[PDB]
Amino acid sequence: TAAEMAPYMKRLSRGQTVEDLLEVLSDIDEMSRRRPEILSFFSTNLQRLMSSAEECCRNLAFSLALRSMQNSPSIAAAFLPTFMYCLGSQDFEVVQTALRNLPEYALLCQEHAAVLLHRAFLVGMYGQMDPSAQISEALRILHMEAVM
Amino acid sequence: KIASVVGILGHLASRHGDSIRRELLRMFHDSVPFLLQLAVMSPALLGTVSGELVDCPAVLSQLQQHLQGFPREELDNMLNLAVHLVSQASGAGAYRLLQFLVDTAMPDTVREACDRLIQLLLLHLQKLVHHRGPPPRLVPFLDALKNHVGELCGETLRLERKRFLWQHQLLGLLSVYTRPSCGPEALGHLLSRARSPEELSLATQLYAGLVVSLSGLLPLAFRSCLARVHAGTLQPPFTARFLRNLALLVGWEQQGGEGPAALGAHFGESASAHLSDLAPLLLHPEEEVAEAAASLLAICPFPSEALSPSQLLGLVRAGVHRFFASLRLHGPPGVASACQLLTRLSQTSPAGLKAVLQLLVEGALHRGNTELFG
Amino acid sequence: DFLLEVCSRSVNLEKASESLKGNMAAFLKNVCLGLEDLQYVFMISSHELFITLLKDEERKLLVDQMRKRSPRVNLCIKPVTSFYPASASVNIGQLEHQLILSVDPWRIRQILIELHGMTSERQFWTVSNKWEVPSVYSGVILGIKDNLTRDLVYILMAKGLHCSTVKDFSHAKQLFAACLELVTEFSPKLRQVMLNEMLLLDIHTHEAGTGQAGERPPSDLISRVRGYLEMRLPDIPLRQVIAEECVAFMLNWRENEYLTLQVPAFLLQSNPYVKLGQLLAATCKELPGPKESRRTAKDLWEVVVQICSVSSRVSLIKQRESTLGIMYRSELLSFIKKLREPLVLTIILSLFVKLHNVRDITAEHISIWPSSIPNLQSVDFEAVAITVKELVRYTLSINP
């Protein structure tokens, strides 16, 4: 229910330190592994944590987000602005962790995959990154469900 | 209390009844408070919420006005039952019934009854959203409205004679009510879709009603808007509208009187945190987006600490590109925003001055932009 | 007007042909373009030559395209309200909406007076759950015997704290001043509590508006911060954030003479923030000393490495306890994030870089710290890496 997740919403929204955000994200993580449907309440707040400055809560935010989007494909379009912001972010760690999760998100979205892989290429091209492996894997799998 | 026992029996007797209860309510509405009182604790009100708007047309309103011979105290009790039912029963067709109720306020006695219904609903929602300063209250009516916040903003921006007050109050209540704080999203819709200073005033009024209970609204609204801009979302007319409305807000705060002082919005300070996002918008292929970004960046203050060398160099490169593009396209009248931005960037530091002068002279002497100067 | 009068005497109208007229009107247009003040644009535009030369259709276009350069913007700032008062409950809800929207304390007092007038025994500090009073203050603020006084003190505290959160410092000043002058009459503890809150608000107001350009504090705020640090009153409910911000205020305005020597001894053993600020001021004021710097840089090194150590899988970030220091790592990071003084910041950066280089990175005064450490196995170097990354991000946000 949405009533029992209100303290978790408050702790995730008001988390200032890395310790508080990490512990509340992990606490969401065990009962998301138990109850995967609870993650729809945390959607935009995971989108806010998606572009976090430090690495562990940002990786956990990507993990919990992609787990939320594995259930409902309609959630996939709602994560497009934050994912393209993470690809085009000035922080390089955020760009790397967006590129690592790029094929999974491209598989999960599939109507915004042209713009996504184009952004990944242009980040790799005008940056100094090599997303050709991720882009190639995403293109291969997208072709595999394209021929179906 | 035989009515309570009858309702408790009928709640169990109404298992999986999606047509029989609706038919009974349709037959009972031909010739009602007894049904509504027992419908408070049952999901039959939620099921008939969609059917209530479709069934109600003017003949039913005239029949209700004919059945309005009940005493005024009983009428007020029925109105309180109605606002309680619509606040705590409406599950998924809340926006349709809402648009019906607002539409059936603009037989004059039915219009007055609907107006009192909307006013009492807004007061009851104001009670329910924020009280008991304990788990939060769950409002099913406002739970179905967070998915229609964009449509609510669009209907508020129409600025009709009385509907926008109610929809603006409901936007504020929804912004307070949502634990993920949908307020920045509504502020972003209002900023991106406003076309007049009257329409832009709705965003400032919403923020004035929201800053007394919420914090950090403008950075989140700006981040959401610019994330939608830099993706494929927010097609470039709305991007240009958002940019020029933000330029209007920053300029209005800069000409500060009692308005910006009482609001305390810090529009320029919050927009200063997104110069790395606003700077590529000078390079936008759409001309209106580029000139709106130039007009914003000509007056948007720099961050109070300093400009980063990456930020400063990107701003200067985009500024000189905007200067030469507007000189080629619009001529000397169209270069005012780029000239103001470059003049402000040259006064930040000697490095900024050297960058501005070097890039201006190099761009003016390039193989491109040299036909402008003979 | 000399330029325009030279323009008039040097054109020789009705004999000047199309070539001179077009060139001269284009010059008038392009000198109108470069005028930053719009009154000068009407000064050129009101001239007879300007009207005579161009057209009757592009002069209006030019003056509107210059008027839109710096337009005048008017916007409503009063929030929407559909106040149509039939019943008592409608008036109660209307006045509750006004109370929640209100920020002027006298209007709040009026609304609360009439709200207590209409109703019998209902409290009104509970009509908005967004009003947050800290839990150390809740017991002393809900113990007021008078209902209206308790409601008014709660509302004034909550609205002042929220205005301090949203950087509305003048309105927070008014609300806290009204609450303080209202609690002078009946409670010394509340008078002290809003004295502390007023001090914290004054610190935040100075560091937001009065600072930000490098000018000294007015030296009565420094005296107030000193008096609050040397207070030692046990009955009052204290917030640790006020003492933390006071130590940060002392460090940010290079008050090393107070933090090193003039601090009382009992404050160092009680408040870890004051001890850490004393150590930072000591290691900052001794920097030109070759070996005298080491005596305090050492003590800073042990206290910081004991903060970043783990007693007894266990991670300092994951647990936040089982640390050996006087502070949690989160509290240390937040306290450093309250500091903007560049010498203190670069001292802490050199410290955490030297700690990170043990198990390279060069950071200025890296030789002032000891190399060999005790209990190297206790140090969570993952926590040290996260701390140094967040710290360099914060300092680059301070000075890019």
# chains A, B, ... in the order shown; residues from 1 in each chain; ligands from 1

call {"tool": "interface_residues", "arguments": {"of": "chain A", "to": "chain B", "cutoff": "9 Å", "atoms": "only C-alpha atoms", "output": "JSON, numbers by chain"}}
result
{"A": [2, 3, 4, 6, 7, 9, 10, 13, 41, 42, 43, 44, 45, 48, 80, 81, 82, 83, 84, 85, 88, 90, 112, 115, 116]}

call {"tool": "closest_atom_pairs", "arguments": {"of": "chain B", "to": "chain C", "cutoff": "6 Å", "atoms": "only C-alpha atoms", "output": "tab-separated table"}}
result
residue	atom	partner	partner_atom	distance
B:130	CA	C:128	CA	4.7
B:131	CA	C:127	CA	4.6
B:132	CA	C:126	CA	5.1
B:133	CA	C:129	CA	3.7
B:201	CA	C:75	CA	5.1
B:204	CA	C:77	CA	5.9
B:205	CA	C:79	CA	4.4
B:208	CA	C:79	CA	5.6
B:209	CA	C:79	CA	5.1
B:213	CA	C:130	CA	5.8
B:215	CA	C:166	CA	5.7
B:252	CA	C:73	CA	5.5
B:308	CA	C:400	CA	5.0

call {"tool": "write_last_selection", "arguments": {"atoms": "N, CA and C atoms", "output": "CSV table (one decimal), in the first residue's frame"}}
result
chain,number,residue,atom,x,y,z
B,130,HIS,N,-3.8,18.8,4.4
B,130,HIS,CA,-2.9,19.2,5.4
B,130,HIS,C,-3.6,19.5,6.7
B,131,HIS,N,-3.4,18.6,7.7
B,131,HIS,CA,-4.0,18.6,9.0
B,131,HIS,C,-3.3,17.6,9.8
B,132,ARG,N,-3.4,17.6,11.1
B,132,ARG,CA,-2.8,16.7,12.1
B,132,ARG,C,-1.3,16.8,12.0
B,133,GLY,N,-0.7,17.9,12.4
B,133,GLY,CA,0.7,18.2,12.4
B,133,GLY,C,1.4,17.4,13.4
B,201,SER,N,1.3,35.1,-14.8
B,201,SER,CA,0.9,35.4,-13.4
B,201,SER,C,0.4,34.2,-12.6
B,204,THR,N,3.4,32.4,-10.9
B,204,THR,CA,3.8,33.2,-9.7
B,204,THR,C,2.8,33.1,-8.6
B,205,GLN,N,1.5,33.1,-8.9
B,205,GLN,CA,0.5,32.9,-7.8
B,205,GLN,C,0.6,31.5,-7.2
B,208,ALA,N,3.6,31.4,-5.0
B,208,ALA,CA,3.3,32.2,-3.8
B,208,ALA,C,2.4,31.4,-2.8
B,209,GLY,N,1.5,30.6,-3.4
B,209,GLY,CA,0.7,29.7,-2.5
B,209,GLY,C,1.4,28.5,-2.1
B,213,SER,N,4.5,26.4,2.2
B,213,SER,CA,4.5,25.0,2.7
B,213,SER,C,5.5,24.1,2.0
B,215,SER,N,9.5,23.7,-0.2
B,215,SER,CA,10.8,24.3,-0.3
B,215,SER,C,11.5,23.8,-1.6
B,252,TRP,N,11.7,40.6,-14.4
B,252,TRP,CA,10.7,41.2,-13.5
B,252,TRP,C,11.3,41.2,-12.1
B,308,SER,N,32.9,28.5,-14.0
B,308,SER,CA,33.9,27.5,-14.3
B,308,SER,C,34.5,27.8,-15.6

call {"tool": "residues_around", "arguments": {"residues": "residue 131 of chain A", "least_positions_apart": "3", "cutoff": "9 Å", "atoms": "only C-alpha atoms", "output": "PyMOL selection string"}}
result
chain A and resi 99-100+120-121+123-125+134-136

call {"tool": "write_last_selection", "arguments": {"atoms": "C-alpha atoms", "output": "CSV table (one decimal), in the first residue's frame"}}
result
chain,number,residue,atom,x,y,z
A,99,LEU,CA,26.1,4.2,-20.9
A,100,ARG,CA,26.5,1.0,-18.9
A,120,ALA,CA,24.8,7.7,-26.9
A,121,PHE,CA,26.8,8.0,-30.1
A,123,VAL,CA,28.2,11.6,-26.4
A,124,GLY,CA,30.8,9.0,-27.5
A,125,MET,CA,31.7,10.9,-30.6
A,134,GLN,CA,26.8,-0.9,-25.9
A,135,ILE,CA,25.3,0.7,-29.0
A,136,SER,CA,26.1,-2.4,-31.1

call {"tool": "residues_around", "arguments": {"residues": "residue 9 of chain B", "least_positions_apart": "5", "cutoff": "12 Å", "atoms": "only C-alpha atoms", "output": "PyMOL selection string"}}
result
chain B and resi 2-4+14-15+38+41-42

call {"tool": "write_last_selection", "arguments": {"atoms": "N, CA and C atoms", "output": "JSON list (two decimals), in the first residue's frame"}}
result
[["chain", "number", "residue", "atom", "x", "y", "z"],
["B", 2, "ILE", "N", -31.23, 1.10, 11.62],
["B", 2, "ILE", "CA", -31.51, 0.05, 10.64],
["B", 2, "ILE", "C", -30.90, 0.37, 9.29],
["B", 3, "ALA", "N", -30.67, 1.66, 8.99],
["B", 3, "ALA", "CA", -30.01, 2.03, 7.75],
["B", 3, "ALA", "C", -28.57, 1.53, 7.71],
["B", 4, "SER", "N", -27.87, 1.58, 8.85],
["B", 4, "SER", "CA", -26.51, 1.07, 8.92],
["B", 4, "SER", "C", -26.47, -0.44, 8.70],
["B", 14, "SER", "N", -23.43, -6.77, -2.62],
["B", 14, "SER", "CA", -23.02, -6.14, -3.87],
["B", 14, "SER", "C", -21.70, -6.69, -4.39],
["B", 15, "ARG", "N", -21.40, -7.96, -4.14],
["B", 15, "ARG", "CA", -20.16, -8.56, -4.61],
["B", 15, "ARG", "C", -20.25, -8.83, -6.10],
["B", 38, "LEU", "N", -25.67, 5.39, 2.48],
["B", 38, "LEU", "CA", -25.09, 4.05, 2.51],
["B", 38, "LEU", "C", -24.00, 3.87, 1.47],
["B", 41, "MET", "N", -19.65, 4.28, 2.47],
["B", 41, "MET", "CA", -18.75, 3.22, 2.91],
["B", 41, "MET", "C", -18.66, 2.07, 1.91],
["B", 42, "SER", "N", -19.22, 2.22, 0.72],
["B", 42, "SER", "CA", -19.22, 1.14, -0.25],
["B", 42, "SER", "C", -18.54, 1.57, -1.55]]

call {"tool": "closest_atom_pairs", "arguments": {"of": "chain A", "to": "chain C", "cutoff": "10 Å", "atoms": "only C-alpha atoms", "output": "tab-separated table"}}
result
residue	atom	partner	partner_atom	distance
A:16	CA	C:334	CA	8.8
A:17	CA	C:330	CA	6.0
A:18	CA	C:317	CA	7.5
A:19	CA	C:317	CA	5.5
A:20	CA	C:330	CA	8.8
A:22	CA	C:318	CA	7.3
A:23	CA	C:318	CA	6.7
A:26	CA	C:318	CA	9.3
A:53	CA	C:390	CA	7.9
A:54	CA	C:390	CA	7.1
A:55	CA	C:386	CA	8.5
A:56	CA	C:386	CA	9.3

call {"tool": "write_last_selection", "arguments": {"atoms": "C-alpha atoms", "output": "PDB file, in the first residue's frame"}}
result
ATOM      1  CA  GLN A  16      21.127  14.902   2.685  1.00  0.00           C
ATOM      2  CA  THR A  17      24.089  12.673   3.524  1.00  0.00           C
ATOM      3  CA  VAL A  18      25.252   9.757   1.412  1.00  0.00           C
ATOM      4  CA  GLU A  19      24.661   7.484   4.425  1.00  0.00           C
ATOM      5  CA  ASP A  20      20.954   8.330   4.757  1.00  0.00           C
ATOM      6  CA  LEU A  22      22.222   4.831   0.747  1.00  0.00           C
ATOM      7  CA  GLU A  23      20.452   3.183   3.680  1.00  0.00           C
ATOM      8  CA  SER A  26      18.981  -0.258   0.218  1.00  0.00           C
ATOM      9  CA  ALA A  53      26.963  12.969  -7.763  1.00  0.00           C
ATOM     10  CA  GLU A  54      28.437   9.952  -5.972  1.00  0.00           C
ATOM     11  CA  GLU A  55      28.583   6.429  -7.296  1.00  0.00           C
ATOM     12  CA  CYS A  56      26.905   3.894  -4.994  1.00  0.00           C
TER      13      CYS A  56
END

call {"tool": "residues_around", "arguments": {"residues": "segment 74-77 of chain B", "least_positions_apart": "3", "cutoff": "12 Å", "atoms": "only C-alpha atoms", "output": "list in words"}}
result
residues 32, 33, 34, 36, 37, 64, 65, 67, 68, 69, 70, 71, 80, 81, 82, 83, 84, 113, 116, 117 and 120 of chain B; 86, 87, 89 and 90 of chain C

call {"tool": "write_last_selection", "arguments": {"atoms": "N, CA and C atoms", "output": "compact mmCIF listing (two decimals), in the first residue's frame"}}
result
# COMPACT_ATOMS: atom_id res chain seq x y z
N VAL B 32 -32.90 9.24 -2.91
CA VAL B 32 -31.53 9.52 -3.31
C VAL B 32 -30.56 9.77 -2.12
N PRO B 33 -30.91 10.61 -1.12
CA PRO B 33 -30.02 10.71 0.05
C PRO B 33 -29.87 9.41 0.82
N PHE B 34 -30.91 8.57 0.82
CA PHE B 34 -30.80 7.26 1.46
C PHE B 34 -29.77 6.39 0.77
N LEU B 36 -27.24 7.65 -1.05
CA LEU B 36 -25.94 8.31 -0.91
C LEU B 36 -25.33 8.09 0.47
N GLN B 37 -26.17 8.01 1.51
CA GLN B 37 -25.66 7.81 2.86
C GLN B 37 -25.02 6.43 3.01
N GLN B 64 -33.99 17.35 -10.08
CA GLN B 64 -33.34 17.61 -8.80
C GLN B 64 -33.78 18.95 -8.22
N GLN B 65 -33.92 19.97 -9.07
CA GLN B 65 -34.46 21.25 -8.62
C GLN B 65 -35.91 21.12 -8.18
N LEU B 67 -37.03 18.32 -6.87
CA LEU B 67 -36.88 17.57 -5.64
C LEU B 67 -36.11 18.34 -4.58
N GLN B 68 -35.80 19.62 -4.83
CA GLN B 68 -35.09 20.47 -3.89
C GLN B 68 -36.02 21.13 -2.88
N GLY B 69 -37.20 20.56 -2.66
CA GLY B 69 -38.11 21.00 -1.62
C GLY B 69 -37.76 20.53 -0.23
N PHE B 70 -36.67 19.79 -0.10
CA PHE B 70 -36.18 19.38 1.21
C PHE B 70 -35.71 20.60 2.00
N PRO B 71 -35.72 20.55 3.33
CA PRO B 71 -35.26 21.70 4.12
C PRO B 71 -33.79 22.01 3.89
N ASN B 80 -22.81 18.13 2.12
CA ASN B 80 -21.65 17.61 2.84
C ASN B 80 -21.43 16.13 2.52
N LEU B 81 -22.51 15.36 2.40
CA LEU B 81 -22.39 13.97 1.97
C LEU B 81 -21.83 13.89 0.56
N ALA B 82 -22.25 14.80 -0.32
CA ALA B 82 -21.75 14.82 -1.69
C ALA B 82 -20.26 15.14 -1.75
N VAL B 83 -19.80 16.14 -0.98
CA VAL B 83 -18.38 16.48 -1.01
C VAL B 83 -17.55 15.37 -0.37
N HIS B 84 -18.08 14.72 0.67
CA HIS B 84 -17.37 13.59 1.27
C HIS B 84 -17.25 12.43 0.30
N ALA B 113 -25.97 25.42 -7.08
CA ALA B 113 -25.67 24.21 -6.32
C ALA B 113 -24.31 23.64 -6.70
N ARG B 116 -21.60 25.94 -5.15
CA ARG B 116 -21.42 25.61 -3.73
C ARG B 116 -20.75 24.25 -3.56
N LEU B 117 -21.04 23.30 -4.45
CA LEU B 117 -20.41 21.99 -4.40
C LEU B 117 -18.90 22.11 -4.62
N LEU B 120 -17.30 23.97 -1.50
CA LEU B 120 -17.24 23.08 -0.34
C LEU B 120 -16.25 21.95 -0.56
N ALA C 86 -20.94 31.97 4.65
CA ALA C 86 -22.32 31.61 4.98
C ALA C 86 -22.40 30.87 6.31
N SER C 87 -21.75 29.71 6.40
CA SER C 87 -21.77 28.91 7.61
C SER C 87 -20.52 29.16 8.43
N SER C 89 -18.43 26.79 9.49
CA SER C 89 -17.34 25.95 9.01
C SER C 89 -16.68 26.54 7.77
N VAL C 90 -17.47 27.18 6.90
CA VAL C 90 -16.90 27.83 5.72
C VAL C 90 -15.99 28.98 6.13

call {"tool": "select_by_dssp", "arguments": {"residues": "segment 137-222 of chain B", "states": "alpha helix (DSSP H)", "output": "tab-separated table (two decimals) with N, CA and C atoms, in the first residue's frame"}}
result
chain	number	residue	atom	x	y	z
B	140	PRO	N	-8.62	9.72	-2.29
B	140	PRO	CA	-8.78	9.08	-3.60
B	140	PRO	C	-9.05	10.04	-4.74
B	141	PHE	N	-9.71	11.17	-4.46
B	141	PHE	CA	-9.97	12.15	-5.51
B	141	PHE	C	-8.67	12.77	-6.01
B	142	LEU	N	-7.80	13.17	-5.10
B	142	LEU	CA	-6.52	13.75	-5.49
B	142	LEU	C	-5.51	12.70	-5.90
B	143	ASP	N	-5.74	11.43	-5.54
B	143	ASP	CA	-4.86	10.37	-6.03
B	143	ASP	C	-5.07	10.11	-7.51
B	149	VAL	N	-2.42	16.29	-14.04
B	149	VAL	CA	-1.90	17.59	-13.63
B	149	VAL	C	-1.55	18.45	-14.84
B	150	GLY	N	-1.08	17.85	-15.94
B	150	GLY	CA	-0.83	18.62	-17.14
B	150	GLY	C	-2.11	19.16	-17.77
B	151	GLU	N	-3.16	18.34	-17.81
B	151	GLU	CA	-4.45	18.81	-18.31
B	151	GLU	C	-5.05	19.86	-17.39
B	152	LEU	N	-4.84	19.73	-16.08
B	152	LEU	CA	-5.32	20.74	-15.14
B	152	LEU	C	-4.59	22.06	-15.34
B	153	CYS	N	-3.28	22.01	-15.59
B	153	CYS	CA	-2.52	23.23	-15.90
B	153	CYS	C	-3.00	23.86	-17.20
B	154	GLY	N	-3.25	23.03	-18.22
B	154	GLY	CA	-3.74	23.55	-19.48
B	154	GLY	C	-5.11	24.18	-19.37
B	155	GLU	N	-6.00	23.58	-18.57
B	155	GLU	CA	-7.31	24.17	-18.36
B	155	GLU	C	-7.24	25.43	-17.51
B	156	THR	N	-6.30	25.49	-16.56
B	156	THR	CA	-6.11	26.71	-15.78
B	156	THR	C	-5.59	27.84	-16.65
B	163	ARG	N	-13.48	29.56	-13.70
B	163	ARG	CA	-12.98	28.19	-13.58
B	163	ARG	C	-11.52	28.14	-13.16
B	164	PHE	N	-10.72	29.12	-13.58
B	164	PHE	CA	-9.29	29.05	-13.30
B	164	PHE	C	-8.97	29.28	-11.83
B	165	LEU	N	-9.83	29.98	-11.08
B	165	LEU	CA	-9.62	30.08	-9.64
B	165	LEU	C	-9.74	28.71	-8.98
B	166	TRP	N	-10.79	27.97	-9.32
B	166	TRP	CA	-10.99	26.64	-8.73
B	166	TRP	C	-9.89	25.68	-9.16
B	167	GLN	N	-9.52	25.70	-10.44
B	167	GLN	CA	-8.50	24.77	-10.90
B	167	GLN	C	-7.11	25.16	-10.39
B	168	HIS	N	-6.87	26.45	-10.14
B	168	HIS	CA	-5.61	26.88	-9.55
B	168	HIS	C	-5.52	26.46	-8.09
B	169	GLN	N	-6.62	26.62	-7.34
B	169	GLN	CA	-6.65	26.15	-5.96
B	169	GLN	C	-6.47	24.64	-5.89
B	170	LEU	N	-7.07	23.92	-6.84
B	170	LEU	CA	-6.93	22.47	-6.85
B	170	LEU	C	-5.51	22.06	-7.25
B	171	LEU	N	-4.87	22.82	-8.13
B	171	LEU	CA	-3.46	22.59	-8.45
B	171	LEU	C	-2.58	22.78	-7.23
B	172	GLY	N	-2.84	23.84	-6.45
B	172	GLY	CA	-2.07	24.05	-5.23
B	172	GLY	C	-2.28	22.96	-4.20
B	173	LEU	N	-3.53	22.51	-4.04
B	173	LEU	CA	-3.82	21.43	-3.11
B	173	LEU	C	-3.18	20.12	-3.55
B	174	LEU	N	-3.19	19.85	-4.86
B	174	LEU	CA	-2.53	18.66	-5.38
B	174	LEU	C	-1.02	18.74	-5.18
B	175	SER	N	-0.45	19.93	-5.34
B	175	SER	CA	0.99	20.10	-5.16
B	175	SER	C	1.40	19.91	-3.71
B	176	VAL	N	0.58	20.38	-2.77
B	176	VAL	CA	0.86	20.12	-1.36
B	176	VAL	C	0.65	18.65	-1.02
B	177	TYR	N	-0.39	18.04	-1.60
B	177	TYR	CA	-0.82	16.71	-1.17
B	177	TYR	C	0.17	15.62	-1.56
B	183	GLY	N	4.40	19.67	-7.39
B	183	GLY	CA	4.42	21.11	-7.57
B	183	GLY	C	5.40	21.65	-8.59
B	184	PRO	N	6.67	21.21	-8.56
B	184	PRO	CA	7.60	21.60	-9.64
B	184	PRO	C	7.13	21.21	-11.03
B	185	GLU	N	6.46	20.06	-11.16
B	185	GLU	CA	5.94	19.65	-12.46
B	185	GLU	C	4.84	20.60	-12.95
B	186	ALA	N	3.93	20.99	-12.06
B	186	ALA	CA	2.87	21.92	-12.43
B	186	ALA	C	3.43	23.31	-12.74
B	187	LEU	N	4.40	23.76	-11.94
B	187	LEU	CA	5.06	25.03	-12.22
B	187	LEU	C	5.77	24.99	-13.56
B	188	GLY	N	6.37	23.85	-13.90
B	188	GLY	CA	7.01	23.71	-15.19
B	188	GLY	C	6.03	23.75	-16.35
B	189	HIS	N	4.87	23.11	-16.19
B	189	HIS	CA	3.83	23.20	-17.21
B	189	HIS	C	3.35	24.63	-17.39
B	190	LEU	N	3.13	25.34	-16.29
B	190	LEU	CA	2.66	26.72	-16.36
B	190	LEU	C	3.71	27.62	-17.02
B	191	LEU	N	4.99	27.40	-16.71
B	191	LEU	CA	6.04	28.20	-17.32
B	191	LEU	C	6.19	27.89	-18.80
B	192	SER	N	6.07	26.62	-19.18
B	192	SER	CA	6.28	26.23	-20.56
B	192	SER	C	5.10	26.52	-21.46
B	193	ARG	N	3.90	26.72	-20.91
B	193	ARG	CA	2.73	26.91	-21.74
B	193	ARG	C	2.10	28.30	-21.63
B	197	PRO	N	1.56	37.77	-19.99
B	197	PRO	CA	1.86	38.06	-18.58
B	197	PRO	C	0.73	37.70	-17.64
B	198	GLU	N	-0.52	37.75	-18.10
B	198	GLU	CA	-1.63	37.24	-17.30
B	198	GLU	C	-1.53	35.74	-17.09
B	199	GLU	N	-1.18	34.99	-18.15
B	199	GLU	CA	-0.98	33.56	-18.00
B	199	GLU	C	0.28	33.25	-17.20
B	200	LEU	N	1.31	34.09	-17.32
B	200	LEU	CA	2.51	33.90	-16.52
B	200	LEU	C	2.27	34.22	-15.05
B	201	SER	N	1.28	35.06	-14.76
B	201	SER	CA	0.95	35.38	-13.37
B	201	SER	C	0.43	34.17	-12.61
B	202	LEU	N	-0.14	33.18	-13.31
B	202	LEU	CA	-0.63	31.98	-12.65
B	202	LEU	C	0.50	31.19	-12.02
B	203	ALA	N	1.65	31.12	-12.69
B	203	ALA	CA	2.80	30.42	-12.12
B	203	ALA	C	3.31	31.11	-10.86
B	204	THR	N	3.37	32.45	-10.88
B	204	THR	CA	3.82	33.18	-9.71
B	204	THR	C	2.82	33.06	-8.56
B	205	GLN	N	1.52	33.06	-8.87
B	205	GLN	CA	0.51	32.89	-7.83
B	205	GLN	C	0.56	31.48	-7.24
B	206	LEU	N	0.80	30.47	-8.08
B	206	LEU	CA	0.94	29.11	-7.58
B	206	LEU	C	2.17	28.98	-6.69
B	207	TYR	N	3.28	29.58	-7.10
B	207	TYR	CA	4.48	29.52	-6.27
B	207	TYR	C	4.30	30.30	-4.97
B	208	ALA	N	3.56	31.41	-5.01
B	208	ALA	CA	3.28	32.16	-3.80
B	208	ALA	C	2.42	31.36	-2.84
B	209	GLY	N	1.45	30.61	-3.37
B	209	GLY	CA	0.67	29.72	-2.53
B	209	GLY	C	1.41	28.49	-2.08
B	210	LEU	N	2.50	28.13	-2.76
B	210	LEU	CA	3.23	26.91	-2.47
B	210	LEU	C	4.47	27.13	-1.62
B	217	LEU	N	11.29	24.65	-4.91
B	217	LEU	CA	10.42	24.32	-6.02
B	217	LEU	C	11.04	24.70	-7.36
B	218	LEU	N	11.60	25.90	-7.45
B	218	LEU	CA	12.17	26.37	-8.72
B	218	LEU	C	13.35	25.56	-9.23
B	219	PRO	N	14.35	25.14	-8.42
B	219	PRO	CA	15.39	24.27	-8.99
B	219	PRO	C	14.87	22.97	-9.57
B	220	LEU	N	13.90	22.33	-8.90
B	220	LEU	CA	13.34	21.09	-9.42
B	220	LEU	C	12.53	21.34	-10.69
B	221	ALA	N	11.77	22.44	-10.72
B	221	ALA	CA	10.99	22.78	-11.91
B	221	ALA	C	11.90	23.08	-13.09
B	222	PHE	N	12.98	23.83	-12.86
B	222	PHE	CA	13.93	24.14	-13.93
B	222	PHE	C	14.63	22.88	-14.43

call {"tool": "residues_around", "arguments": {"residues": "residue 46 of chain B", "least_positions_apart": "4", "cutoff": "8 Å", "atoms": "only C-alpha atoms", "output": "number ranges by chain"}}
result
B: 42, 50, 89-91

call {"tool": "residues_around", "arguments": {"residues": "residue 66 of chain A", "least_positions_apart": "6", "cutoff": "9 Å", "atoms": "only C-alpha atoms", "output": "list in words"}}
result
residues 76, 101, 104, 105 and 108 of chain A
